[PDB]
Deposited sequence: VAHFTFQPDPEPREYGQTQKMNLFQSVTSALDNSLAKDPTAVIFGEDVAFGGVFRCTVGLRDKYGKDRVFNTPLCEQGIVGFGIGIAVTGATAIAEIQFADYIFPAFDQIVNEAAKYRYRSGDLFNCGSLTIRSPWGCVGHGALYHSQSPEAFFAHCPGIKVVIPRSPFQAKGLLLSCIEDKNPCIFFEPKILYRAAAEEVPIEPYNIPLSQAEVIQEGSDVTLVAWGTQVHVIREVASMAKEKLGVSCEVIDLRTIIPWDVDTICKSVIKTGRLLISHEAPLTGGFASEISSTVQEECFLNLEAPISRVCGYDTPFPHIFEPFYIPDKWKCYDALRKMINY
């Protein structure tokens, strides 16, 4: 495997990431009688098990299958939400969100603005499996967040763990704005961690500094947080370099203040993501940090990203911005 997963709210239970999604969804349906969950194959529990047991517990009218039509799924969800009801749509793989792109970008995102707040689809959340999985090739690997980051009026949120996933998904579901929640599918069955049984929230638009450091700031999200955590460890052991490791968590609106404050301290930034470099979200972070922290920068901001190709099958091990790529970039940046 290319990563290693490692590491107040009442009773907890060990949960993997799919279970933690199920738990968030269950808590949501229990406390919100309007809430419904729908999409392709969600009734029998979903192709990644995220809705197991929910239809039996809550009823066929609340956990149900749609026809095979992503533009429909999203338009339908918007419609539920326009009435004030909580609509939790599933898109089976993030790779298949694009049919719904017009509904997301021209409708959901603009719904409140264009109506002067007479109508909204704030109670809509779209969740979808995301990111590489070792062998998913072009259409089971994609990381689409940068496509949505250019669209004012939607929130895009990506967790790094089961604890984070449940708190962030609850916040998406309860947030008064249409949210896309991308679930890193490689983590669904990876290692478990303790997750509270009862509902709790992790705030949107807030990055989390998971390790403090003074020489360089490393920023990522999803599975890639675990890659940069390992890179921090490699840098410490091999170079005596102290790395501040930050999980961005929310892509938009993003936590500009946390990232800038870190870079003012360290004077160096490396941003990493599986998505292709060109037009990737790292370009927005780099641009912004350069604008706010120009005088503090000791070296050029580094982006270690996937290459500007479609996501390959047999070449995946050569494509991903792995720990060795991140490490080397960091080494050069420190030597600048």
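Note: segments 1, 9-13 of the deposited sequence have no C-alpha coordinates in the structure.
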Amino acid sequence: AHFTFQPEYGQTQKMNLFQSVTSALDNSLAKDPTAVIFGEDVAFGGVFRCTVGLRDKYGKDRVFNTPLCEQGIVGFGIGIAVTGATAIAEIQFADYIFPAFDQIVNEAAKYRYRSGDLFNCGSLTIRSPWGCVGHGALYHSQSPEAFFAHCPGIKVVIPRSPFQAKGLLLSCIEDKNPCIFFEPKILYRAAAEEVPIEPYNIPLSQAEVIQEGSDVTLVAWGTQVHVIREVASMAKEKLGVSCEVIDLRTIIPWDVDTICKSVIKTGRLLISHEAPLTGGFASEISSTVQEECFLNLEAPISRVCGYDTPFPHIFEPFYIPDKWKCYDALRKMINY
From here on, numbers count along this sequence of modelled residues.
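For the pair 127-135 and 176-184, the record assigns the higher mean C-alpha temperature factor to 127-135. Here the stretch with the larger average CA B-factor, out of 230-238 and 147-155, is 230-238. Highest CA B-factor among the listed residues (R49, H273, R268, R62): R268. As recorded in the PDB entry, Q211 shows the highest C-alpha B-factor of the residues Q211, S115, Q103, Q164. Compared with the other modelled residues of the chain, the Cα B-factor recorded for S28 ranks in the middle third.
In the PDB entry, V36 places in the lowest third of its chain by CA B-factor. Residue-level temperature factors show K110 in the lowest third of its chain, judged at the C-alpha atom. Sort the chain's modelled residues by C-alpha temperature factor and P199 lands in the highest third, per the entry.
For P310, the recorded CA B-factor ranks within the lowest third of the chain. Only modelled residues enter the ranking.
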